């Protein structure tokens, strides 16, 4: 049921126990409670007091067990000398008393050991839900409180009232989201011709730009075990799960990934990277699956999406980690400006930061048909939260293994970008202007009506 896979991995010896910075949080209790409330996370300040109590009791049981073991191991050596040194083997009641002391402590330990396991499991489960710290400049509050740091571009001015992405696509037969209920499901999309080329072009353009800027290219397994998701700070256990799961009966611990952050993290799990290699910048393109059951219609929310992701393992300094975030943001902003898109960079507030994020920058791009700015990219400094759980480490020249910092950002979310590109570059005739960067991949300056005859329904449902 509600079991931390990471603790279970420690239990079977698969992985070590997650390390936590609980002592620092305990050192300032009033400050700690205030921080959590700002997060408005599942564990708000109300759930906090019980964890402190669980932690305190756990320490004591260990103390007792430690003392008992020292006494228990000691007596055996002492008796060994007595039988040989006495040279009437068991007559001295001291010999008799010593055996008795061992048995009573052994009995006490046999009772004590199960209680230690139950408590260790309990404290870790509550700790697993403990949120990351918040950067001082982070705006505090709901999405509305989020700050707008930089705005680039001007809203496209249209003579006509602009049409929506799906309408333009279906008219050009480049997007199909219709008659797909009994084949692929609700919110499922097929991209045809230019739409497919547009995705391929956007992914290839972003991949090439990042590869040139020193990103190391990688391919990630798309089916991954749940412990990794918990390590990335994603919640596999929760009821409104966005994570699709392979049938447990058929296969165990296999969960589809909604990003490549999870996969890239898996590569670094339980492994160390040399300080000299750091910083580590990596780029991956993956098919991403997210349930998102939690109601609009269109490509804005969909179950399957192809996304190019930027990930990095950075050095010890929190300041060193923050630099990567700004670099990632700069690149994110550059790709969008190069695509001719109007966008605004928002420092995210505590309520939207999420459990693993010290600071998050999200970029909203103007979509004319929606008439709204919508997240097209997310950038987050996860600091050591992910490193501590999955054991991503950096080894210094000295030989020391120390926890590393993880930064994650989105280069290309094909679904939303198509909406921005199609709606913004729309023309009254219904033609869409291929932005200059992608013109090479697409092969044209305008997406024009197709030569082909579109599919027509031959099903019984037609009325």
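Residue numbers count along the first chain shown, from 1.
Per the record, residue 294 and residue 295 are separated by 1 to 3 deposited residues that have no coordinates.
Missing coordinates between residue 77 and residue 78 amount to none of the deposited residues, so the segment is unbroken. Here 413-421 and 61-69 are compared by their mean Cα B-factor, and 61-69 comes out higher.
With 167-175 and 346-354 compared on mean CA B-factor from the PDB entry, the stretch scoring higher is 346-354. Within the group 95, 229, 328, 189, the record's highest C-alpha temperature factor is found at 95. Among 442, 455, 22, 449, the highest C-alpha B-factor recorded in the PDB entry belongs to 22. The PDB entry assigns residue 205 a C-alpha temperature factor belonging to the lowest third of its chain's modelled residues.
Among the modelled residues of its chain, residue 438 has a C-alpha B-factor that falls in the lowest third, as given in the PDB entry. In this PDB entry, the Cα temperature factor of residue 158 sits in the top third of its chain's modelled residues, the highest group. Annotation for residue 259: C-alpha temperature factor in the lowest third relative to the rest of the modelled chain, per the entry. Among the modelled residues of its chain, residue 103 has a C-alpha B-factor that falls in the highest third according to the deposited record.
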